[PDB]
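These notes are about the structure you will find just below.
Every residue, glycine as well, gets a Cβ built from its backbone with ideal geometry; the counts of neighbours run over all protein chains shown. Bear in mind these aren't lab numbers, they're just calculated from the coordinates by the rules spelled out.
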Amino acid sequence: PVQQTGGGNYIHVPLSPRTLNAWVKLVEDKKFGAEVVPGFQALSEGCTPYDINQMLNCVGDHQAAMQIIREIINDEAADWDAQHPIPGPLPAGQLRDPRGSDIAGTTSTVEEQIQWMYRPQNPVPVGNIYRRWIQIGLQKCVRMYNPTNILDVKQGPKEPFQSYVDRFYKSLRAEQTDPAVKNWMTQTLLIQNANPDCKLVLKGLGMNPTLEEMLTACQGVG
Amino acid sequence: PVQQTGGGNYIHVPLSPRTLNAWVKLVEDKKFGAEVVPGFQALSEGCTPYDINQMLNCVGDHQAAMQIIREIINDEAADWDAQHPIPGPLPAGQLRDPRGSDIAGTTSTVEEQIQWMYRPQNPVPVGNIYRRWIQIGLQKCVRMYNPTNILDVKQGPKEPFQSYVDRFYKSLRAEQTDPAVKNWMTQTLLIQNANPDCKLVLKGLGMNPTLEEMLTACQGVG
Amino acid sequence: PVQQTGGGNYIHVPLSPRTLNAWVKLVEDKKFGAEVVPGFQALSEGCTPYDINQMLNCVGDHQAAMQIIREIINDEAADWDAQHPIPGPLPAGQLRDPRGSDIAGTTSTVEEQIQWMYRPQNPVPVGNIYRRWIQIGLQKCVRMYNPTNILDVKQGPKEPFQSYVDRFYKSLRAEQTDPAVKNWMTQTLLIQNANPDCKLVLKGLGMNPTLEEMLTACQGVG
Amino acid sequence: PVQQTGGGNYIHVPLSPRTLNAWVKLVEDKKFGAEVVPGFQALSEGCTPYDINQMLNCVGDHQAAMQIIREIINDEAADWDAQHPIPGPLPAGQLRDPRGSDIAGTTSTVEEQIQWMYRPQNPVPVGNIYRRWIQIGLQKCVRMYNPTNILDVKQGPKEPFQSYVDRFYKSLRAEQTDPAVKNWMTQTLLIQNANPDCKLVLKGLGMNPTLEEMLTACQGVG
Amino acid sequence: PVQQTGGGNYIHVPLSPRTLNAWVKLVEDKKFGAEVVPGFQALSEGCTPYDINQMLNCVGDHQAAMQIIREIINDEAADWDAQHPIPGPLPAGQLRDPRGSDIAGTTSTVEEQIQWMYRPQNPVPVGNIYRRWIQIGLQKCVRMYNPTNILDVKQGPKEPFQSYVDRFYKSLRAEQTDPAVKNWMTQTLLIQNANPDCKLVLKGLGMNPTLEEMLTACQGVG
Ligand SMILES: O=P(O)(O)O[C@H]1[C@H](OP(=O)(O)O)[C@@H](OP(=O)(O)O)[C@H](OP(=O)(O)O)[C@@H](OP(=O)(O)O)[C@H]1OP(=O)(O)O
Ligand SMILES: O=P(O)(O)O[C@H]1[C@H](OP(=O)(O)O)[C@@H](OP(=O)(O)O)[C@H](OP(=O)(O)O)[C@@H](OP(=O)(O)O)[C@H]1OP(=O)(O)O
């Protein structure tokens, strides 16, 4: 992470040990579940890429998942290099402009990453960009491991609409798909894969029922 | 959040990462349960709107619930604007008076939010007002998801009064209803939806029995 | 809470957010169980009444229990007022002597509460006194909710003495009763409500057996 | 605990509230289990006797166990007094030499305890000595409450050697006995109280098999 | 651990108590499981060998495992001594060069360990080297205690590929074996020890199927 000192200067305040342990506990227990994506974002707020690489290193034991994340980072960096090409030869006496691998923290030191993070002329947020690249790698793992496709998800005959909705949405989240497919699924596949007892009522509600009105009406129905 | 420095000046001390992770853990596990409302209030004490927006952003994945909360904030702000209209043209060289969206932190920076929070002439508590608007959005979600209406709640024949009371009140909390309906329900629906074995005794207690005397008398009855 | 600065001066360092969340978690999960009493004492060490009122406010949703605690505080304060009556008219230029509601923090500010807490002439520990008043309110709730009276508690025929002792004592704790009734119960009701197989041995031990010798002798008996 | 200031001086930094809550949670849940002994040691590192007495006070509700611990402290102090008798009349203008109850923190203030802890001429570690006395009291409670003697511990016919070893050692730990009895038990009672299917193999291993070779060989056997 | 002061000087900031408690909780609950290896690495980041010895001391009660770790440290140190032999007689007025046991922290003080950790001429990372030696001792314990060999691991007939893969990999991790044996096992033993229903499909996928394509294809198959 980064701390400030009198005069407008900046320094490094390393990610703490019990914050890294928590990241490890969220990954080991939830096994790269959907919640692994947000837990990471928060435990990484105010931190720099070097420390994001330490967090991943502590969980490096997982290798199928860390292979997927590593692949993504290399790609995004290449695109950064393509759309932000070397401006030209570098005038000396200054810090080079950030390249794709520096955002990652593999070829670059934390101080250079902090100088960009707090560069008066044009500060580059090296820290937030890398977290996002890593979050696409974590999200793909969730979809890879997701145990149930949404089409299979259904309601126990005596099971209620709320728990079924909870399970149906859990999967829709991990199955990123697209937001429009989600709208069709949330307004139809929920009613279609439901049992008939609460469907009659989900149909009575009307057309384009909202979830607030689908849950209120089916409370106790079955 | 906000920190003070020598001379009476103020600065920003960002909400910490493991406090945001906890907010995420309370939402992911309890699934916008009733306890999500208080956990938030406490994890947000001493914090400013910008940081309240970060907490919500980490849990932004939940979208049906964050749609309900977002709707409420826009409304309250409009009412703030209606009852606290623009005083007139703004004399220059000073900070504008707070508008509805500034309390939210969408159109306004933290420093302006802190200057109001600690404005010597008329300090506006931008931070506490927004938390309350958000808490009405969270509370509506609890009632939307509540799995059981109180009328259905009853006592297992061999189940005791204490657990039944615990389940009956859990729902009464989430079903905000009104405090008077609560008094009628707490003094009648509890006895009526109970089994007859402990009801005989709940009737022996007398009229307007208090809970302290309804629980003491039915300890072991059944 | 209270912090000290160069010169012998004192200031306020508010109870932290994740300490308040823990108090909320202990109350929501244990449901005003016996452990709620000590958790509170510890999370309130070094804190002042204002902050004790914030902790209770976060859990204010619980109302039957907060009605019992509120009743007790008003009483103790009245007794404080009765045995520590207004000394007389107050010489001006100084802080008034503490009244019953100031100990609570309802009519008084934290600074006045801290000035008494650290008054050189006669410092009044406003903070510890209020916590105790609140702990009597919390303890009454535990006894109100206690699910099992000790007389009913018995040993499963195949159940051991240790678990039965654990359950028997759990209730004796919550059923404050008096320490002497406890001695009679701990030396008799334990043996009497036990099964006969381990009682024969609890009788062989001798008269006035101690728990250390009642548990050692019945390890494996049944 | 103890903090240092410019000039070589020392002060008191009280044990924090959420560290005391954890000690309470480890005692309430594990019920003076074996792990209560180490949890305490760690939560007490850098702390002084006064703060060790606060930790015990928060859990003072438990009284059979706190009676056993209290008895031990009085004894050890008496032995300290016997082998470290009053040197003679005390020259004035200095701090007295530590007595048995001062190590406990009952008759002595924290500052005196810190002056000894950091006495240039002959610093007495009042803090660590008392923790050890308390740990003998906690360890006796574990053995008092231990639910199963090792001789009874055996292997389910379909149960594996690893879980049986885990249960057999759990008890051997709490049953301090002596290290030699432990060696005889760990090399024999484990094989003798095992089922015959894995014993044949535990015998094939050879004589004086080590645990590393008893567990590797019986992995899958049964 | 180590802190820095004005002038470029360094000091010691001891490992905190609740960080040591967590290490104890991870060892007591997971019982020297695979996750014990990473939890340790993180809770030890920024710490020095003396503090790594305190963490191990708190869990010293476990003795079969601490015998395995202790054996390894002695060996690695001997190899350090062999490949980094005494340079010769030591010029006086300086700190000796680090020996094998100093890296451990048994014969050496923290200040000397910190002077090497931050030696301008040739800083020796005494802290990280010892953690690695300890991690080989912890990893051997995991393999010793591992309850299931991978060959036995199979898929319940109605069990899915994902959970079976999770269990199969859990063991492959703890059974360090070699990375090549892992590739053969991950591409064959998974399919071979699977049930026939999902194997038909795992065979349809093609030759050298990747896990991402073995999990996607068998989602719902069985
Ligand atoms: O606020 P956090 O980001 O969670 O950091 C906490 C916080 O210390 P700070 O207030 O200085 O940030 C804790 O205090 P509380 O917020 O709970 O009041 C403190 O715990 P203690 O008060 O018990 O000391 C703990 O410090 P530590 O882990 O050394 O005990 C430290 O956690 P981090 O060191 O990981 O930042
Ligand atoms: O013991 P740690 O490894 O340091 O983990 C702690 C532990 O959380 P859990 O009870 O969920 O395991 C703390 O509880 P205690 O050890 O103090 O009893 C809790 O701190 P609080 O009780 O004050 O809430 C905090 O959990 P959280 O941050 O979610 O509130 C969490 O710290 P980490 O999340 O950083 O691991």
For every other residue with a beta carbon closer than 15 angstrom to the beta carbon of residue E:96, add +1 if it is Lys or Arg and -1 if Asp or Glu, then tell me the sum.
-3
Scan around residue D:2 for amide H atoms under 5 Å from its own, H built in the peptide plane at 1.01 Å from N, and keep only partners 5 or more places away or cross-chain.
D:13
Work out from phi, with θ = phi - 60° and the Karplus expression 6.51 cos²θ - 1.76 cosθ + 1.60, the ³J(HN,Hα) of each residue of region D:14-23, listed in order in whole Hz, and give x for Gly and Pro.
x, 3, 6, x, 7, 7, 5, 4, 5, 4
Relative contact order, percent, of region A:83-222 when contacts are C-alpha pairs under 8 Å separated by at least 6 residues?
17
Charge dipole (region D:1-109, unit charges on Cβ, about Cα centre) - positive-most of D:17, D:84, D:43:
D:17
I'd like the mean, over residues of B:146-153, of how many other protein chain beta carbons sit within 10 Å of each residue's own Cβ.
3
Would you order A:108, A:101 from fewest to most other beta-carbon atoms within 10 Å of each residue's own beta-carbon?
A:101, A:108
Assign unit charges at the C-beta atoms only (+1 for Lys and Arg, -1 for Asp and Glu), then state the dipole size of region D:132-199 relative to its Cα centre in Debye, rounded to the nearest 20.
200
Would you kindly calculate the translational diffusion coefficient of chain D, applying Stokes-Einstein with the Kirkwood radius from alpha carbon pairs, for 37 °C and a viscosity of 0.692 mPa s, and quote it in µm² s⁻¹ without decimals?
160
What is the packing order of peptides D:62-70, B:180-188, E:6-14, C:31-39, taking the mean over residues of other C-beta atoms within 10 Å and listing the highest first?
C:31-39, D:62-70, B:180-188, E:6-14
What is the log10 of I(q)/I(0) for region C:1-62, computed with the Debye formula using one identical point scatterer on each Cα and no solvent, at q = 0.16, 0.27 Å⁻¹?
-0.52, -1.16
With a ≥ b ≥ c taken as the square roots of the eigenvalues of the C-alpha gyration tensor of the protein assembly as shown, please select rounded if a/c is under 1.5 and otherwise prolate if a/b is larger than b/c or oblate if it is not?
rounded
Sorted shortest first, the nm distances from the residue E:207 label point (7 Å along Cα→Cβ) to its counterparts in the other copies are 5.6, 5.6, 9.1, 9.1
With the label 7 angstrom out along Cα to Cβ, how close does residue C:79 come to the same site in each of the other copies, in nm, nearest first?
4.4, 4.4, 7.1, 7.1
Just from its helices, what would the mean residue ellipticity at 222 nm be for the protein assembly as shown, if runs of 4 or more DSSP H residues each count -39500 (n - 2.57) and the sum is divided by every residue, rounded to the nearest 500 deg cm²/dmol?
-16500 deg cm²/dmol
Between copies, how close do the residue C:46 label points come, placed 7 Å along Cα→Cβ, listed in nm from shortest?
1.1, 1.1, 1.8, 1.8
Read phi for every residue in region A:81-95 and hand back ³J(HN,Hα) as whole Hz from Karplus 6.51 cos²θ - 1.76 cosθ + 1.60, θ = phi - 60°, with x for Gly and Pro.
5, 5, 8, 10, x, 3, x, x, x, 8, x, 7, x, 9, 8
Rounded, prolate or oblate: which one fits region E:147-205, using the alpha carbon gyration tensor with axes a ≥ b ≥ c (rounded when a/c is under 1.5, else prolate when a/b beats b/c, else oblate)?
oblate
For residue B:219, net neighbour charge (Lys/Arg +1, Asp/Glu -1) across residues whose Cβ lies under 12 Å away
-3
May I have the pair-distance distribution P(r) for region D:43-92, computed from all Cα-Cα distances with 5 Å bins from 0 and rounded to whole percent?
5, 15, 17, 19, 18, 13, 8, 4, 1
Can you compute 3J(HN,Hα) from phi for each residue in region D:50-67, using the Karplus curve 6.51 cos²θ - 1.76 cosθ + 1.60 with θ = phi - 60°, rounded to whole Hz and x for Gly and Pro?
3, 6, 5, 6, 5, 4, 5, 5, 4, 9, x, 3, 5, 10, 5, 6, 6, 6
Please get the size of the charge dipole for region C:68-222, origin at its Cα centre, with Cβ charges of +1 on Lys and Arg and -1 on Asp and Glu, quoted in debye to the nearest 20.
400
Report the gain in length on full extension from residue E:177 to residue E:221: 0.36 nm times residue separation, minus Cα-Cα distance, nm rounded to one decimal.
12.7 nm
Please work out which residue of chain D brings its Cβ closest to the axis of the rotation superposing D onto A, and round that distance to whole Å.
D:18, 6
With the dipole of region E:124-222 worked out from charges on the C-beta (+1 for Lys and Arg, -1 for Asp and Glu) around the Cα centre, which of E:151, E:137, E:169 lies farthest toward the positive end?
E:137
Charge tally for neighbours of residue E:122 with beta carbon under 14 Å away, counting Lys, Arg as +1 and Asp, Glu as -1, is +1
Taking amide H positions as placed 1.01 Å from N in the peptide plane, with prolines and chain starts having none, which residues 5 or more places from residue D:10, or on another chain, fall under 5 Å of its amide H?
D:5
Label-point gap, in nm, between residue B:29 and residue D:81 - each point 7 angstrom along Cα→Cβ:
4.9
If the only charges are +1 at each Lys and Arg Cβ and -1 at each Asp and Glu Cβ, what is the size of the charge dipole of region E:1-158 around the Cα centre, to the nearest 20 debye?
520
Using 7 Å Cα-to-Cβ label points, what is the residue C:9/residue D:74 separation (nm, one decimal)?
4.9
Give me a single rounded figure for D:12-25: the average over its residues of other chain Cβ atoms within 10 Å of their Cβ.
6
Here, residue E:192 and residue A:118, labelled 7 Å along Cα→Cβ, have an inter-label distance in nm of 5.8
